[PDB]
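1. Fold the following and give me the result.
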Amino acid sequence: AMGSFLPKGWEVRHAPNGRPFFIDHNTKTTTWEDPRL
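-> Numbers count the residues shown, from 1 in each chain. Please find the structure below.
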């Protein structure tokens, strides 16, 4: 049930070990959980 696009207002970043994380600019949340999953 994977999404085809990142939701509006979100950005991907990568931590030093190469693990992605996700920022939600409009709720000011930073999470390891991919919102498309």
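
2. residues in contact with residue 19?
-> Going by Cβ atoms under 8 Å, 6 or more residues apart in numbering, residue 19 touches residue 32. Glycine gets a C-beta too; all of them are placed from N, C-alpha and C.

3. now with 10 Å?
-> Contacts for residue 19 were tallied using Cβ atoms under 10 Å, 6 or more residues apart in numbering; they are 13, 32.

4. Pull up the gap between it and residue 31, please.
-> According to Cβ to Cβ, to the nearest Å, residue 19 stands 12 Å off from residue 31.

5. again with residue 7
-> Residue 7 sits at a distance of 12 Å from residue 31 (criterion: Cβ to Cβ).

6. Touching both of these two, which residues are there?
-> Between them, residue 7 and residue 31 share these contacting residues under Cβ under 10 Å, 6+ apart: 22, 24.

7. Quickly list what the residue minimising distance to the centre of the chain is bridged to.
-> With distances taken as Cα atoms, centre = their mean, the residue of the chain nearest its centroid is residue 22 (2.4 Å). In this entry, residue 22 is beta-bridged to residue 12, residue 31, by DSSP bridges.

8. surely it meets residue 29?
-> Yes. Using Cβ atoms under 10 Å, residue 22 makes contact with residue 29 at a distance of 8.2 Å.

9. Fine by me, we can end here.
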